[PDB]
Amino acid sequence: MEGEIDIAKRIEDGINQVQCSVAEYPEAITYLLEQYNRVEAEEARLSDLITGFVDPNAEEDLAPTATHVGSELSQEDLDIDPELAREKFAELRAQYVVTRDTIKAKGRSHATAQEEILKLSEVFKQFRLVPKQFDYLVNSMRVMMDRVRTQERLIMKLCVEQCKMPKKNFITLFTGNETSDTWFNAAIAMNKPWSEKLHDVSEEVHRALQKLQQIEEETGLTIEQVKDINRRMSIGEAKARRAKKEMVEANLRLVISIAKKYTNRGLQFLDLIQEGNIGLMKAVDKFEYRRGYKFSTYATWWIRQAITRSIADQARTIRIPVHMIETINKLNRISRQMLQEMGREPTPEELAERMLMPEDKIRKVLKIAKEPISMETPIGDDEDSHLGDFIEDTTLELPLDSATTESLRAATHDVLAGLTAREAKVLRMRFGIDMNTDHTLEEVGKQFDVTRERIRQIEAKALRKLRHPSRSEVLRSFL
Amino acid sequence: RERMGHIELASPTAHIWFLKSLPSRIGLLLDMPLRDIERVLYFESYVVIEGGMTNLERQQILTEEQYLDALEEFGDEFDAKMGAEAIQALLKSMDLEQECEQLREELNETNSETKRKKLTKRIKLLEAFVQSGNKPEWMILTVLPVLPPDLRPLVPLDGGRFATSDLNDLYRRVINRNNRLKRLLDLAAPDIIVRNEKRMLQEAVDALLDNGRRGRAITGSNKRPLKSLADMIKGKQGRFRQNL
Amino acid sequence: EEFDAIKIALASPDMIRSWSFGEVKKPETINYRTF
Amino acid sequence: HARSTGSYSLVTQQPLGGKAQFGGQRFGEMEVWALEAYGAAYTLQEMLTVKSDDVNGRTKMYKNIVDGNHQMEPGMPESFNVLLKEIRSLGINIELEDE
Amino acid sequence: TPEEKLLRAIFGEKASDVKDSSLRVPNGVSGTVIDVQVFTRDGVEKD
């Protein structure tokens with residue numbers, strides 16, 4: 001079987017069109033050197049920035065690193081010698097110096113700044129940037145310019161659709177520099193029957209222009225050339241995407257094949273091949289036809305890896321730890337081990353010296369490993385009787401003690417008055433009539449008498465007096 | 001035991017108490033008959049018209065074989081759409097005032113058998129939506145309320161164990177039905193498999209509200225007729241007569 | 001006291017949004033540890 | 001066997017029967033129509049609310065025959081006030097109303 | 001508990017740590033005993 005290798009050459013072919021495009025990008029370059037500073041002071045590593053290099057200095061020659069540039073999946077589904085490395089990274093700062101200044105203040109033409117970056121662009125292609133980086137550079141490249149598209153789309157429909165402007169009168173002005181108000185002011189000075197209409201939107205265009213320049217300065221490229229970089233990236237990812245749609249469709253038979261190892265466990269079958277299809281679409285992207293290993297073996301590796309992760313935790317109706325289910329079968333492949341030899345049941349004495357568990361707490365562990373049990377299950381009547389219909393309630397008092405609890409929390413404050421005014425008024429007129437008790441330096445001025453000593457004495461002396469209310473009760477209920 | 005919740009479903013889903021309850025309420029007012037069109041489009045790929053180019057039909061389907069041939073030439077735009085995605089957009093884009101008079105004049109022009117047979121349930125239903133303060137676009141549930149935890153308790157039985165209702169399982173499933181059709185199929189899959197997925201959503205939603213109507217739901221371990229909502233409510237597992 | 005007549009009408013997302021306070025996304029129930 | 005007071009469920013809220021305590025005779029429907037024939041009234045609504053379903057009307061009644069008084073009229077059944085929510089989760093809204 | 005000592009302080013303050021939680025006779029009619037068996041962890045093969 002084959003019919004997947006001949007079309008596999010179309011994959012890496014499209015990636016090459018992305019490698020070059022990303023090269024000419026200041027933001028993608030600044031992050032490179034800026035991250036290098038985290039290596040000198042020892043905070044990160046060159047492992048998550050560079051994996052290798054290349055000998056030729058043209059357009060690739062060996063299986064590239066860019067794998068998540070033409071993937072069909074979403075961004076959420078895309079997740080050497082150190083001495084030689086530091087040597088090449090020192091070559092970038094030997095030229096990035098002049099570039100570090102032409103971005104801060106620049107001038108009127110951005111073509112001069114990018115001209116110097118072009119030389120560095122050739123060097124950036126030599127480095128084997130980690131595929132993880134492409135998930136940030138390319139991603140933050142289509143989003144950064146995403147706002148530019150809309151920001152310039154509003155002003156486009158506020159004069160062409162609103163002020164009624166011909167397409168031949170907007171493509172000859174806004175297409176010019178689309179930076180300053182040199183295209184807008186030139187429209188009104190054109191003494192056209194429609195030029196005297198942009199005055200009713202000049203305020204909206206101005207705000208949509210000033211904020212627009214902010215993004216242009218943030219990137220450091222010309223709004224006209226910045227589109228050229230991305231427009232050619234959609235060509236390489238398209239030729240590879242459609243080329244991989246024939247491998248993730250004719251290989252759906254292998255997904256169900258290995259889907260018989262994780263059936264009834266915790267997840268349904270409909271959601272079983274879910275992690276199986278997403279895995280096949282990942283392997284096809286990181287597949288190399290120039291490798292000894294085939295595809296029917298390399299692809300089934302990531303498939304069984306995505307299905308063993310979902311059912312690894314969210315299997316039961318309730319969350320369950322990882323080792324709690326791996327500790328069961330652990331004591332299983334040893335129980336029969338001593339039964340096939342001796343012939344007797346392994347008593348909890350010999351296994352207590354080989355394991356890290358004593359013998360008492362290990363018994364309570366099994367109590368946790370259950371289903372446990374439903375509620376709507378027939379018992380005896382099999383008509384109206386349910387498992388969850390025989391458990392008595394404790395939060396809701398029954399009519400039997402409903403009259404008792406009521407007479408045990410509303411009758412003490414009646415006989416309380418019949419007691420020494422001093423000691424009784426202290427506790428009663430504190431939290432019973434007001435809020436919060438025990439203030440110390442405040443209670444001493446509440447009765448105007450003793451100090452902070454009787455704050456504890458009066459309360460204690462009163463406690464033993466609460467023994468009086470026998471038939472009446474209030475305090476004996478909170479606990 | 002009071003108050004409820006909801007779940008923002010990315011993919012619209014018609015209700016079940018208004019679909020199988022003849023006469024239809026989510027299709028009848030939409031020119032759709034009752035079963036010979038509003039049941040087949042839910043299954044495998046069956047592209048149906050919901051809009052219209054220039055004076056077309058609102059019942060005629062469209063074969064996939066004639067789909068790729070009606071893109072370039074020989075055809076126009078053709079507002080193509082899958083299954084459940086084409087049922088809520090119509091309710092909001094229809095006028096009960098004008099549409100009512102369109103079928104009112106169709107009771108003597110044509111024979112009472114080819115069209116009038118169905119049109120008899122058109123003026124009656126619509127008249128109710130006008131007299132009352134309602135609106136056609138309320139039959140589609142974009143969200144789904146949650147049953148109070150008091151009706152689905154979770155209290156330990158005996159031995160350090162616990163006790164939960166199987167109804168809870170019908171909530172942990174629906175979550176995986178929607179989030180999957182967001183960042184995996186609706187921007188990657190060709191088309192010969194993305195349709196099947198959308199078919200599973202509608203079947204997984206109408207199962208919770210009322211199980212036993214269409215495509216009975218089965219839990220993971222230990223089969224047994226899985227319990228839902230409406231089933232436990234009125235008690236349909238006993239054919240009513242032997243009520244509690 | 002007592003009950004008289006009963007009113008019935010369709011349910012709208014605008015009304016259901018009132019009783020509800022939020023949306024559930026995590027299928028996870030409760031914990032067996034601290035309950 | 002004879003029962004007067006016992007435990008009750010939560011969602012169901014009905015008389016049960018444990019070990020130490022006896023069980024209550026379930027008033028079957030077969031004895032309901034035989035009562036309706038006479039054309040009674042209060043003796044029919046009692047065998048549906050306080051004496052089974054109604055909870056807050058069961059406790060209040062217990063505190064009425066103890067002092068030698070009389071129990072007032074029952075309230076709203078629990079198997080009825082929960083149905084309002086049971087039906088509420090079916091895409092349909094239900095609301096009560098007086099006169 | 002402190003609040004508990006209040007109740008027993010009225011009916012003779014004598015709260016011991018351990019109590020008598022023996023199996024009481026179920027409702028109905030009692031009767032004499034036949035035999036008594038005690039297996040305080042025998043050296044046999046008990047489960």
# chains A, B, ... in the order shown; residues from 1 in each chain; ligands from 1
>>> closest_atom_pairs(of="chain A", to="chain B", cutoff="10 Å", atoms="only C-alpha atoms", output="Markdown table")
| residue | atom | partner | partner_atom | distance |
| --- | --- | --- | --- | --- |
| A:71 | CA | B:188 | CA | 8.4 |
| A:72 | CA | B:188 | CA | 4.6 |
| A:73 | CA | B:184 | CA | 5.6 |
| A:74 | CA | B:183 | CA | 5.4 |
| A:75 | CA | B:183 | CA | 8.3 |
| A:76 | CA | B:183 | CA | 7.4 |
| A:77 | CA | B:183 | CA | 7.7 |
| A:241 | CA | B:188 | CA | 8.7 |
| A:242 | CA | B:190 | CA | 8.9 |
| A:245 | CA | B:190 | CA | 7.0 |
| A:246 | CA | B:190 | CA | 9.4 |
| A:248 | CA | B:189 | CA | 8.6 |
| A:249 | CA | B:190 | CA | 8.6 |
| A:263 | CA | B:220 | CA | 9.1 |
| A:264 | CA | B:220 | CA | 6.1 |
| A:265 | CA | B:221 | CA | 7.3 |
| A:266 | CA | B:220 | CA | 6.6 |
| A:267 | CA | B:220 | CA | 7.0 |
| A:268 | CA | B:220 | CA | 6.3 |
| A:269 | CA | B:220 | CA | 9.0 |
| A:270 | CA | B:200 | CA | 8.5 |
| A:271 | CA | B:176 | CA | 7.4 |
| A:274 | CA | B:180 | CA | 8.0 |
| A:275 | CA | B:180 | CA | 9.9 |
| A:277 | CA | B:184 | CA | 9.3 |
| A:278 | CA | B:184 | CA | 7.4 |
| A:281 | CA | B:188 | CA | 9.3 |
| A:314 | CA | B:172 | CA | 9.3 |
| A:315 | CA | B:220 | CA | 9.9 |
| A:316 | CA | B:169 | CA | 9.2 |
| A:317 | CA | B:169 | CA | 6.4 |
| A:318 | CA | B:164 | CA | 8.8 |
| A:364 | CA | B:160 | CA | 8.6 |
| A:365 | CA | B:160 | CA | 9.8 |
| A:366 | CA | B:160 | CA | 9.9 |
| A:367 | CA | B:160 | CA | 6.2 |
| A:368 | CA | B:161 | CA | 6.1 |
| A:369 | CA | B:161 | CA | 8.3 |
| A:370 | CA | B:161 | CA | 7.1 |
| A:371 | CA | B:162 | CA | 8.2 |
| A:372 | CA | B:162 | CA | 5.7 |
| A:373 | CA | B:163 | CA | 5.3 |
| A:374 | CA | B:165 | CA | 5.2 |
| A:375 | CA | B:165 | CA | 5.6 |
| A:376 | CA | B:165 | CA | 7.0 |
| A:377 | CA | B:165 | CA | 9.7 |
| A:383 | CA | B:244 | CA | 7.5 |
| A:384 | CA | B:244 | CA | 6.3 |
| A:385 | CA | B:244 | CA | 10.0 |
| A:387 | CA | B:163 | CA | 9.6 |
| A:388 | CA | B:153 | CA | 8.5 |
| A:391 | CA | B:157 | CA | 8.9 |
>>> write_last_selection(atoms="C-alpha atoms", output="CSV table (one decimal), in the first residue's frame")
chain,number,residue,atom,x,y,z
A,71,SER,CA,-1.7,22.6,9.4
A,72,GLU,CA,-5.5,22.2,9.0
A,73,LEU,CA,-6.0,22.1,12.7
A,74,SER,CA,-6.5,25.2,14.9
A,75,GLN,CA,-3.9,27.0,16.9
A,76,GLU,CA,-5.2,25.3,20.0
A,77,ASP,CA,-4.4,21.9,18.4
A,241,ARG,CA,-3.3,21.7,3.2
A,242,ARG,CA,-5.3,20.3,0.3
A,245,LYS,CA,-6.7,16.2,2.9
A,246,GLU,CA,-6.2,13.0,0.9
A,248,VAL,CA,-6.6,12.2,6.5
A,249,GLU,CA,-9.6,10.8,4.6
A,263,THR,CA,-13.9,1.1,24.3
A,264,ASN,CA,-16.0,0.8,27.5
A,265,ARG,CA,-13.9,2.6,30.1
A,266,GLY,CA,-15.3,6.1,30.7
A,267,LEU,CA,-15.8,7.8,27.3
A,268,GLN,CA,-18.3,7.0,24.6
A,269,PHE,CA,-17.2,5.6,21.2
A,270,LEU,CA,-18.5,8.7,19.4
A,271,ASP,CA,-16.0,10.8,21.3
A,274,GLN,CA,-12.3,12.2,18.2
A,275,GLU,CA,-8.8,12.1,19.6
A,277,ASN,CA,-8.7,11.8,14.0
A,278,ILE,CA,-6.9,14.8,15.5
A,281,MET,CA,-3.9,15.0,11.2
A,314,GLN,CA,-12.2,12.4,32.8
A,315,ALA,CA,-13.4,8.8,32.5
A,316,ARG,CA,-15.7,8.3,35.5
A,317,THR,CA,-18.6,10.7,36.2
A,318,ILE,CA,-16.5,12.1,39.0
A,364,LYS,CA,-9.2,2.2,53.2
A,365,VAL,CA,-7.8,2.9,49.8
A,366,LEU,CA,-10.0,0.2,48.1
A,367,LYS,CA,-13.1,1.9,49.6
A,368,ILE,CA,-12.4,4.9,47.3
A,369,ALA,CA,-12.1,2.8,44.1
A,370,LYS,CA,-15.7,2.3,43.2
A,371,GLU,CA,-18.4,3.5,40.7
A,372,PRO,CA,-19.9,4.1,43.2
A,373,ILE,CA,-23.6,3.6,42.5
A,374,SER,CA,-26.6,5.5,40.9
A,375,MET,CA,-29.9,6.5,42.5
A,376,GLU,CA,-32.7,5.8,40.1
A,377,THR,CA,-32.4,2.1,40.4
A,383,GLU,CA,-42.7,0.9,40.8
A,384,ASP,CA,-42.1,4.0,42.9
A,385,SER,CA,-39.3,2.8,45.1
A,387,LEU,CA,-32.4,4.0,46.0
A,388,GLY,CA,-32.4,7.8,46.7
A,391,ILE,CA,-32.4,8.1,52.8
>>> residues_around(residues="residue C:3", least_positions_apart="5", cutoff="9 Å", atoms="only C-alpha atoms", output="MDAnalysis selection string")
chainID D and resid 76 96:99
>>> closest_residue(among="E:27, E:12, E:7, E:1", to="residue D:22", atoms="only C-alpha atoms")
E:27
>>> select_by_dssp(residues="chain E", states="alpha helix (DSSP H)", output="list in words")
residues 4, 5, 6, 7 and 8 of chain E
>>> interface_residues(of="chain C", to="chain A", cutoff="8 Å", atoms="only C-alpha atoms", output="PyMOL selection string")
chain C and resi 28-31
>>> interface_residues(of="chain A", to="chain D", cutoff="12 Å", atoms="only C-alpha atoms", output="PyMOL selection string")
chain A and resi 384-407
>>> write_last_selection(atoms="C-alpha atoms", output="PDB file, in the first residue's frame")
ATOM      1  CA  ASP A 384     -42.067   4.018  42.863  1.00  0.00           C
ATOM      2  CA  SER A 385     -39.262   2.839  45.145  1.00  0.00           C
ATOM      3  CA  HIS A 386     -35.862   4.340  44.334  1.00  0.00           C
ATOM      4  CA  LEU A 387     -32.442   4.036  45.976  1.00  0.00           C
ATOM      5  CA  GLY A 388     -32.415   7.770  46.670  1.00  0.00           C
ATOM      6  CA  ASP A 389     -35.906   7.606  48.155  1.00  0.00           C
ATOM      7  CA  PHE A 390     -35.060   5.765  51.379  1.00  0.00           C
ATOM      8  CA  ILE A 391     -32.442   8.130  52.802  1.00  0.00           C
ATOM      9  CA  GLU A 392     -33.802  10.319  55.600  1.00  0.00           C
ATOM     10  CA  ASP A 393     -33.044  14.045  55.704  1.00  0.00           C
ATOM     11  CA  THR A 394     -31.248  15.851  58.531  1.00  0.00           C
ATOM     12  CA  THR A 395     -31.425  19.472  57.368  1.00  0.00           C
ATOM     13  CA  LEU A 396     -35.228  19.345  57.387  1.00  0.00           C
ATOM     14  CA  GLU A 397     -36.686  18.570  60.812  1.00  0.00           C
ATOM     15  CA  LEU A 398     -39.657  16.194  60.898  1.00  0.00           C
ATOM     16  CA  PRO A 399     -42.999  17.104  62.558  1.00  0.00           C
ATOM     17  CA  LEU A 400     -42.002  14.940  65.535  1.00  0.00           C
ATOM     18  CA  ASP A 401     -39.131  17.160  66.688  1.00  0.00           C
ATOM     19  CA  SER A 402     -40.429  20.224  64.842  1.00  0.00           C
ATOM     20  CA  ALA A 403     -42.274  21.338  67.974  1.00  0.00           C
ATOM     21  CA  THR A 404     -39.343  20.449  70.228  1.00  0.00           C
ATOM     22  CA  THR A 405     -36.617  22.456  68.491  1.00  0.00           C
ATOM     23  CA  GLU A 406     -38.992  25.431  68.403  1.00  0.00           C
ATOM     24  CA  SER A 407     -39.400  25.398  72.182  1.00  0.00           C
TER      25      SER A 407
END
>>> closest_atom_pairs(of="chain D", to="chain C", cutoff="12 Å", atoms="only C-alpha atoms", output="JSON lines")
{"residue": "D:57", "atom": "CA", "partner": "C:1", "partner_atom": "CA", "distance": 11.4}
{"residue": "D:72", "atom": "CA", "partner": "C:1", "partner_atom": "CA", "distance": 10.2}
{"residue": "D:73", "atom": "CA", "partner": "C:1", "partner_atom": "CA", "distance": 7.7}
{"residue": "D:74", "atom": "CA", "partner": "C:1", "partner_atom": "CA", "distance": 8.0}
{"residue": "D:75", "atom": "CA", "partner": "C:1", "partner_atom": "CA", "distance": 6.2}
{"residue": "D:76", "atom": "CA", "partner": "C:2", "partner_atom": "CA", "distance": 7.6}
{"residue": "D:77", "atom": "CA", "partner": "C:2", "partner_atom": "CA", "distance": 10.9}
{"residue": "D:80", "atom": "CA", "partner": "C:3", "partner_atom": "CA", "distance": 11.6}
{"residue": "D:81", "atom": "CA", "partner": "C:3", "partner_atom": "CA", "distance": 11.7}
{"residue": "D:84", "atom": "CA", "partner": "C:8", "partner_atom": "CA", "distance": 10.9}
{"residue": "D:85", "atom": "CA", "partner": "C:19", "partner_atom": "CA", "distance": 11.4}
{"residue": "D:87", "atom": "CA", "partner": "C:11", "partner_atom": "CA", "distance": 10.7}
{"residue": "D:88", "atom": "CA", "partner": "C:11", "partner_atom": "CA", "distance": 8.2}
{"residue": "D:89", "atom": "CA", "partner": "C:16", "partner_atom": "CA", "distance": 9.5}
{"residue": "D:90", "atom": "CA", "partner": "C:11", "partner_atom": "CA", "distance": 9.0}
{"residue": "D:91", "atom": "CA", "partner": "C:11", "partner_atom": "CA", "distance": 5.8}
{"residue": "D:92", "atom": "CA", "partner": "C:11", "partner_atom": "CA", "distance": 4.7}
{"residue": "D:93", "atom": "CA", "partner": "C:11", "partner_atom": "CA", "distance": 4.6}
{"residue": "D:94", "atom": "CA", "partner": "C:8", "partner_atom": "CA", "distance": 5.2}
{"residue": "D:95", "atom": "CA", "partner": "C:7", "partner_atom": "CA", "distance": 5.7}
{"residue": "D:96", "atom": "CA", "partner": "C:6", "partner_atom": "CA", "distance": 5.2}
{"residue": "D:97", "atom": "CA", "partner": "C:6", "partner_atom": "CA", "distance": 5.7}
{"residue": "D:98", "atom": "CA", "partner": "C:4", "partner_atom": "CA", "distance": 5.1}
{"residue": "D:99", "atom": "CA", "partner": "C:4", "partner_atom": "CA", "distance": 6.1}
